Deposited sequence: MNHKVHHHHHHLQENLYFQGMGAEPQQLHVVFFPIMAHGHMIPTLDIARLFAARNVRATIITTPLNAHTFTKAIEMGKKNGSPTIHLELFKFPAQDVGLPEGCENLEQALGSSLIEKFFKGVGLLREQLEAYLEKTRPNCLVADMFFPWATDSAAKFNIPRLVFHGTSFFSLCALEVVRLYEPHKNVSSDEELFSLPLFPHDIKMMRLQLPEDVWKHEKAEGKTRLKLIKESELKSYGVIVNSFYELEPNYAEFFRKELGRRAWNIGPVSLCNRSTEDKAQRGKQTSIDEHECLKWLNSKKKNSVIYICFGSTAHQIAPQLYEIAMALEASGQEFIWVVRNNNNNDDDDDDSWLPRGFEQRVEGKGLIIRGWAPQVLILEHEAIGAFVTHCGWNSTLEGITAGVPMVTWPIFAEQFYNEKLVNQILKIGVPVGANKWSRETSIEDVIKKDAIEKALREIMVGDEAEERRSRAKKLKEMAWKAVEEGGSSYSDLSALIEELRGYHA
């Protein structure tokens, strides 16, 4: 009789889409998959389900919970983490999602599924599932490297034994030597201790040991030392089942067919990225000065006069939606400028494209270390300040940007980075195919859920 797994992502585009992909991976092994969402977020899933269904692909069920926006003083329209801009709104959003516990517990009591896969941001989901002897898995949607780095920083606080903003400290027990500065950490953790953010991270990392285990959107062969470190040194039970976006598997593409292999730079910072006019201006000048052909995705005081005319042969600006995967996988694309969010980083890896890394917040400075120092498939733009706000002082200048654009295309080790990225691409596809490490760990997890008593 059919195994039932319930998936409960936080309402953030970057968590919802990989959660859907995991639900789809489970559905393809004949597991009943239900995703919990809210009314204003349902369209994201309904569209994406049908736009990957009608091929005999199994059915993903949606369950809708009421988000108590009014109750916590959020606008009725604010059912997504992206809409909660400002310190006030974010704190209210987290109180809001915390009040979904009553609905989760009623749903589990009613449906009695075999497993709950709950977002990292719901540490309390473990106790909710335990009430009905249901195992809970934690899903973060980041790298093993980041999960390990964050935890060694939290436990060993290497940044308390420094005396300046830019003083380098090593990550303590790691099998690679990784240096960071305080600038690269959120200001709550290092400068003015704020129990809210600090208590939230503590409960998230503790959930990894208190729960049945951790599903990870990565492949063993990508970061073997950290897949092991997470399980051995840090004691987590984990399954690596990614890259989960490989599960199922236009004018700009015609434009690219005309171009030399590895000749074009793709720049796309995602939907999370909040780009100010002065920053866009420095990118525009750097692109022109670099001489490099480019496809630049933007979400006009911020364009140099005559930009659009000067770059007619060489540069394409797309306002809004780009077919990102089809662009990255085009032979003409030789590099990817990214914020180093894990979804973007994994798409660069899967396309075999070297990356210019532009970390901003969250786990991105850890992802940047993986890409540049361990995988050696990237070049840093030189952003070293962790910030969820964009101060004019933190804008990266034309000269830093131009240096990185040139290095990733024609720098001495640019070809070596391309060769290394092409190897990871082959290893990624091999992980997800029958017999691969990710296919295998998914089989092992399901078998283990089937036998749980």
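J.: Please give the gaps, as residue ranges numbered from 1 in the deposited sequence, where no C-alpha is present.
T.: Missing CA coords at 1 to 25, 275 to 290, 341 to 350, 505.
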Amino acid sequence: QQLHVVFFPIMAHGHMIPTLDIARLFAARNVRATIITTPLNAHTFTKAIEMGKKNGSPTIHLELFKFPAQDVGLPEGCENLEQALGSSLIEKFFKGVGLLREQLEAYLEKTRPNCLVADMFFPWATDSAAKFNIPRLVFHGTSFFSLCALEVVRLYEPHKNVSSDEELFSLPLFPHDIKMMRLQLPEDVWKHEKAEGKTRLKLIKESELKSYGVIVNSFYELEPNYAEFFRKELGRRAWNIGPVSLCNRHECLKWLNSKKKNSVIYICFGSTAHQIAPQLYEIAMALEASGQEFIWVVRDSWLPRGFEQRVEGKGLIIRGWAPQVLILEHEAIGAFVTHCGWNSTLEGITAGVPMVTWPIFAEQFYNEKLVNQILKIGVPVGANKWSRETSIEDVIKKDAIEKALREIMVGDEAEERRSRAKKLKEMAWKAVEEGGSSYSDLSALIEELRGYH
From here on, numbers count along this sequence of modelled residues.
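J.: So, looking at the entry's B-factor column for Cα atoms, which has the higher mean, 77 to 85 or 109 to 117?
T.: Between 109 to 117 and 77 to 85, it is 77 to 85 that shows the higher mean C-alpha B-factor.
J.: Going by the B-factors listed in the PDB entry, is the mean over the C-alpha atoms higher for 424 to 432 or for 32 to 40?
T.: The recorded data point to 32 to 40.
J.: Just grab whichever of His140, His274, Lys210, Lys202 has the top CA B-factor as deposited.
T.: Of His140, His274, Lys210, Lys202, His274 has the highest C-alpha B-factor.
J.: Which of these, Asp127, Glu329, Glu233, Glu91, has its C-alpha atom at the highest B-factor, as the entry lists it?
T.: Among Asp127, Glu329, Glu233, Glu91, the PDB entry lists the largest C-alpha B-factor for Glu91.
J.: With respect to C-alpha B-factor, does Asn161 fall in the lowest, middle or highest third of the chain as deposited?
T.: It belongs to the highest third of the chain when residues are ordered by C-alpha B-factor.
J.: Where does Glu193 sit by CA temperature factor within its chain: lowest, middle or highest third?
T.: Highest third.
J.: Among the chain's modelled residues, which third holds the C-alpha B-factor of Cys252?
T.: Tercile = highest for this residue's CA B-factor.
J.: How does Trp321 rank on Cα B-factor within its chain, lowest, middle or highest third?
T.: Its C-alpha B-factor belongs to the highest third of this chain's values.
J.: Once the chain's modelled residues are ordered by C-alpha B factor and cut into thirds, is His339 in the lowest, middle or highest one?
T.: CA B-factor rank for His339: lowest third.
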